[PDB]
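> once you've seen the sequence and the experimental structure below, I've got questions.
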Amino acid sequence: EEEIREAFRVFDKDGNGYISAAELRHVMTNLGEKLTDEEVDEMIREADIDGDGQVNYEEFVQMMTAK
Ligand SMILES: [Ca+2]
Ligand SMILES: [Ca+2]
């Protein structure tokens with residue numbers, strides 16, 4: 001949980017409590033993963049359950065902790 005929360009805070013550059021798709025591109029691109037805007041749209045749409053177009057802490061946990 002702390003690893004996921006700390007990681008979630010690391011991607012929330014503005015501390016808004018929500019990770020934007022472009023923010024995902026920043027972390028994924030520097031993390032060594034280069035995704036296109038559509039590939040991130042797929043990850044956002046799959047992890048975005050409220051269709052808000054962004055990943056919140058609960059969605060991030062399920063997407064990375066998808067049991
Ligand atoms: Ca943010
Ligand atoms: Ca969402």
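Happy to help now that I have it. Numbers count the residues shown, from 1 in each chain. Ligands and ions are numbered 1, 2, ... in the order given.
> now do stretch 52-67: distance to the chain's middle.
Taking CA atoms, centre = their mean, to the nearest Å, one finds the center of stretch 52-67 at 7 Å from the center of the full chain.
> which residues sit against it?
Stretch 52-67 is contacted by residues 4-5, 7-8, 17-21, 24, 43-44, 46-50 when judged by CB atoms under 8 Å, 6 or more residues apart in numbering. Where C-beta positions appear, they are placed from N, C-alpha and C, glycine not excepted.
> do it and ligand 1 come into contact?
No - counting by CB under 5 Å from the ion, no contacts exist between stretch 52-67 and ligand 1, the nearest distance being 7.8 Å.
> who in this structure is up against ligand 2?
With CB under 5 Å from the ion as the criterion, the chain comes near ligand 2 at residues 48, 50, 52, 56, 59.
> now which of those would you call buried?
Listed as buried from the residues of the chain next to ligand 2 are 48, 56, 59; burial here means 16 or more other CB atoms under 10 Å.
> the last one and residue 29, how far apart?
Think residue 59. 20 Å (CB to CB, to the nearest Å).
> who's sitting farthest from the centroid in the chain?
Most distant residue from the mean C-alpha position of the chain: residue 67, 17.2 Å away (CA atoms, centre = their mean).
> state the distance from that one to ligand 2.
Residue 67 sits 19 Å away from ligand 2 when distances are taken as CB to the ion, to the nearest Å.
> neighbouring contacts of stretch 18-25?
The set of residues external to stretch 18-25 that reach it, using CB under 8 Å, 6+ apart, is 8, 11-13, 35, 37, 40-41, 43-44, 52-56, 60.
> before we move on, back to that, in TSV: the residues of the chain next to ligand 2, plus secondary structure.
Compiled in TSV, the residues of the chain next to ligand 2 are given as follows (DSSP: H, G, I helix; E, B strand; the rest coil):
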residue	secondary structure
48	coil
50	coil
52	coil
56	strand
59	helix
